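Letters are used for the chains, namely A, B, C and D, taken in the order the chains are written, and counting of residues starts over at 1 for each.
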Amino acid sequence: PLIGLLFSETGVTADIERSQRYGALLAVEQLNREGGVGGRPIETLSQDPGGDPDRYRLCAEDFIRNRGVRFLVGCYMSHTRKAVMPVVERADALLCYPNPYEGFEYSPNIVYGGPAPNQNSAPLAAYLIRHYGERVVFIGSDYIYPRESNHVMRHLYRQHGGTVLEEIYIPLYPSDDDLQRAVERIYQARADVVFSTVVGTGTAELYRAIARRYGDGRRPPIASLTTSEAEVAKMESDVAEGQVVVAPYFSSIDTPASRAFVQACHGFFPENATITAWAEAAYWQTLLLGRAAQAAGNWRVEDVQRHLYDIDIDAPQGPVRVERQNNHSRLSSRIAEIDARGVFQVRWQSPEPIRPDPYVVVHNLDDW
Amino acid sequence: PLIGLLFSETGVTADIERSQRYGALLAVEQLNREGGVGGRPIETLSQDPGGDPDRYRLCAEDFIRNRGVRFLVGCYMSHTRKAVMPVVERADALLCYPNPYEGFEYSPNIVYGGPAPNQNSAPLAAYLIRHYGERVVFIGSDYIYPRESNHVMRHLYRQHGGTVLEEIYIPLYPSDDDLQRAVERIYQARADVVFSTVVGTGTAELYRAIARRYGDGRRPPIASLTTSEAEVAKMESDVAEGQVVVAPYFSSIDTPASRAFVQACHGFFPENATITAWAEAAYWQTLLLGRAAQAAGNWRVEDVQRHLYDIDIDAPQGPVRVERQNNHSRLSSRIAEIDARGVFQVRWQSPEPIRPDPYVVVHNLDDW
Amino acid sequence: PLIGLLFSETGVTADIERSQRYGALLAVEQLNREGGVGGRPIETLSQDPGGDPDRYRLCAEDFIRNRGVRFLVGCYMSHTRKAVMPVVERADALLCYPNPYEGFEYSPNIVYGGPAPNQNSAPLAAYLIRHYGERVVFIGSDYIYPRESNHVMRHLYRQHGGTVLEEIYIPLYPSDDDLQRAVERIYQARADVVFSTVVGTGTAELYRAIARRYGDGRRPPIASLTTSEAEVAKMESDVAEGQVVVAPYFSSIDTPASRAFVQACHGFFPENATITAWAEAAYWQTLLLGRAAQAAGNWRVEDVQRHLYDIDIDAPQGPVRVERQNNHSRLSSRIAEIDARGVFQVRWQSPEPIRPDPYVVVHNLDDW
Amino acid sequence: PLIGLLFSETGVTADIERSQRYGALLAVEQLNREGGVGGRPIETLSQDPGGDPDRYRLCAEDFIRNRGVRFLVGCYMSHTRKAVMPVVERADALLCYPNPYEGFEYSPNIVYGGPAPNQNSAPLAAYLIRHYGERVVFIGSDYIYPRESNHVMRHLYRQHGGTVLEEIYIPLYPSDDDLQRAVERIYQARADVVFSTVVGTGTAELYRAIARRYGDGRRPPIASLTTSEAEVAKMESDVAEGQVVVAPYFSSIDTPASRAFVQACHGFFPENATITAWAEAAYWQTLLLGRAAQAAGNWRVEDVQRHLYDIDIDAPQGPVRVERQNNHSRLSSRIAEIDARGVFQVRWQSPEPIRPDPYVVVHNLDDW
């Protein structure tokens, strides 16, 4: 019962992936310190892909073709997930992708653990418009997630009569010049909201930059689908506060399962690992992978797969399940606001988990 | 009533796009020489993008932003369609894409006229396996269509217990060396079928090359989703014969609507324009665009859109319609075999048009 | 005596390459209608690469590997020249590159006919600084020529205590948005000169755009190393006038060889082919290729090569020669100013042809 | 007196760059434990770019724009050096590049410490031909160094009547499939020598792979310009032995300066840092940077630059100097053979350091 961890230690998204890695190691701990899985202990392998799509392929190639791994939890950025996809499909292995993403994808061998666009962007567009205004400017890192993410957010804004003013993209490893030239565009745009699809290290940099270009008084909020406790941990409180984010989970949610997860993360995560929605997603996904295997009583992927769609888990965010119709998960959807002291303060929460709909057709979407 | 034609005149796919352009010009002729559309004549614009995704953007930018065009029929290769997509969405225009493609896409402003993978690959995989063998090797041009096309064909082969031996990719503008090194791989692979996703000019080159590496006697057939009368028109009869292709239409199908279309193409297409399935698709799509506008009595896109999904057309391939749930079309699916004298000889035809399912999940697919 | 013409007919730089193609066809005419070359007539082949580096490779592959061509005149953009380079080197063929370019290259099989940076940028930097100011902003198409061109121009400006304010790059096939966002940067920069390395079709677009952002009164001149009668032919007189350009030749230079070339171009070039410095370069280079072959009395490349470096030609721009130490040419260097009626008005001309120095080390450069 | 170290800790070339980093830290130690530089201690900064050209830019951006660094030693792969180049030129800083590379480059702000092609490939081609045969096959990582490196090696082989059979390229992060498909080509090629321009981690993998495809008996040697004690440290003795490499230095050379450097490296380098030619180059370059600054008595780059070209250093490889005509160094050139027990056994050594000639014109090259 060997699992392969594909989470960067270094690179643009190293902070969030490290939270993710730990969320997964915690799950392993608990499944192990519960007599493991059929009296044998589950053992994990880790390599650092450094956020590079080719190193993810290589690492997933290595794990599968040389250490005989058939179960993987990892990948953050979508181009990184796609590079590993063919590899898992070729070797019949299973990968759990505990992250938010643009949609319009299906792999029989990939379990989608974070929200598809109808699960985060759909609710979020409505909140932003019906609470802050209809003018918005899009700023994203320059890769496939941001671009496809904005594609549907554009559709979403048009549905609700809002207006996309500008669509700005910056390198994943951006220069201050790049940052300064985009912030200026975002300033002069005069929108009511800033929809950020900037990931990793440029997140904090971008938010600070925006703050600073606006000085004293009213500046639009920065809404994002990725910004977590990971990236907020790198910003000044004034810079961070007031910022919006949708995700299935927040370290501060009221409830016994969250606190259970929280007080356990605190007793296991290294100081440079924060507690985020993505660490929550890698935790539940890892549990489920073990639970299914106990139920099958084997570490065969077919035997474990079978049981994957029959196990509902009482995850820190609420009850989750994995639809077999498209391999995505029914997830909670919370829209939290950041404190003047940098805690996520939930403002809205869907009345029940949202079923996944990866092929996003706005008009056939439920109107929040 | 101004329509923008986005079809290459030069470049890798110039032959097929030229057939497409003419299929569309013919439709215009007929809608015009039928009192036009509200007594004004429909007028078309053409520019040659040369198969380059950036020149397609530029051309669609030009047509929309300077000649006030809101209706377009064109694009062949998927990366070319995607480059134009944002442009049509930004300006609220409509583009008809009369071509086969990989799926997993949605735009409110794009009408998908050629088959999605459940419409051609699904039936085709079954035919190839249940008629030629289960061993197959994939050879494609190196861009997004071939790669995503093979992704689902891999799933398809695994469903039916077949085997993908090798996945080979060659540049869109390939050198003989490139061609020779891939053909060798395809030879040594010893498959029962060659699934080609090679497009434009390298098509004929590839097929000839394969033929020639096999000399006298048994060589697997070459099945493709794109090869049409366009590319077969460039190959020797022995090279062409025996080759498989799935598409909604073939210039040689028995029926009064085909012959009607055929004997009219013959009286309008220049000698360097052949009659293909893709010219059939650009013809029906153009008709429908006019018909809807007559019905709306206006060249507004909202007014024409409305009526788009209510007009079933009796296209040369049979009855077609455009589902409003995902903007794709219900299409016929024929699997023809090439003559020793190079005519497509239909061997199989779906009992009714296949409804489109762009989000391809093999297990939930109908088993042919 | 077969020569291969590699000049785009369509695409970003089609206008200039068409002038180039004709400059070369004229040379052929004259060498032919002079009893040819050893009583056999020289025959040319042309294909349209459309400005795409891969199609140039393919075309040069085709010409060499299938029509047995060993002599080529063509290529414009540097990435296009580099794609063909390996091909000519592999097959021992000779290519004449009649164009300006960034330097830092050597091929035994390539004859460099247009200026290296010490031949155009060096003189030009001095003129611009010692005549207009020391503040400059760089705007270029986004490919290897513009970027390497600015690299040395930066060195050059630092030598003479000038200042590079901004370095802006736009796609080869740019959107008005792209154009508008760069012009704005160039406006707000407040430089004394605009150094353009924008090529093909975006040239006119850029110059017009700049003009228009400045309206009435003082706007810095636009200096370029490529802008020719080709691209000026697409601009309004007010837009064109006052603009600077360095090149070895201008259709309007005083002299019997220029007029000879001019009055002959006029009697041979189609109306959509202008008379430029680059058509002058393809003409002299083609002559020399013939002359050497007469002298060798053969169309062998070794035999013709030998004589290449011994033939000084009295080209329309003055006496030229091809140094065997690095395959580049000693060329004239004129800095012309554009008329209010759009004629290039030479303002400066080097006292003798400048010997080529492709490995540009500013400090060891002659100070103009 | 602050110096910025730009050497990967993780990624494709992490092993060699780590040897390089240590070679530089050692130099600092010695200049410091020699009363430093003007009684203040020289202090270094390090960041891990992970072999990614964008992270090198970012890191060099960070070091310069935020920690006020004006002196840098680092970069390995040429695309990584080029990404940092504009940055150092823009901020007037100095970078020492202690590595072998393709040539055809000049920056006033870059000190070239490893050999240009006339310094390693030129001698080496002669040795290989006049000692092993004239048939050769080229295998390289797919980036600018390998490709430009082979460009000149092709010229070199043609000069000496040798033959380039095949030119094969593999990703920097290659799959076994990629490795297996290239080794096969290299096997079937039947050359006398394998010229490798494969760098980092795929080096060992490639050599092992080749060995293993050849089994028992005669297989051509593997000559390289980069393979060092770093990459040989990852291979079996039988795999490593017999292999050729040219570089200015080898940890095993007879001489008091080498042993001095060696016995000091041993007392400072961590166990995962080997002693290589590139660690020798970063050591001498760092010394020189200090020495010049002592001489100028200041850490100004102009003041230090002045003295850079006047200080000849008695480096472990012999006497070195930095030509001010092109910023490259006069270096020793040794061709060593690997032991059956994996020590580099020098077989040839140039009679004096070779002066650098970055603009490589084979015919004007000295014939070894």
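The rule we apply is simple: a residue touches a chain if its C-beta (ideal position, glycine included) is under 8 Å from a C-beta of that chain, and two chains touch if they have at least 3 such contacts.
**Q** Matching A-D on over half of contact pairs, by residue number: which of B-C, C-D or A-B?
**A** Repeat interface, by the over-half criterion: B-C.
**Q** Counting only Cα atoms for the centres, state how far chain B is from chain C in Å.
**A** 41
**Q** Between chain C and chain D, tell me the centre distance in angstrom, where each centre is the average of that chain's C-alpha atoms.
**A** 36
**Q** For chain B versus chain D, what separation do you get between their C-alpha means, in angstrom?
**A** 51
**Q** Touching at least two other chains at once: which residues of chain C meet that condition?
**A** none
**Q** When you draw the chains as points and link the ones that touch, which shape shows up: line, ring, star, complete, or other?
**A** ring
**Q** Name the touching chain pairs, please: which are they?
**A** Those chain pairs satisfying the definition are A-B, A-D, B-C, C-D.
**Q** Taking the complex as given, what residues does chain D use to touch chain C?
**A** Those in contact with chain C are residues 86, 89, 104-106, 108, 151, 154-155, 325-326, 358-364.
**Q** Quick check: in the complex, which residue numbers of chain D touch chain A?
**A** 10-11, 48, 50, 52, 54-55, 57-58, 61, 65, 171-176
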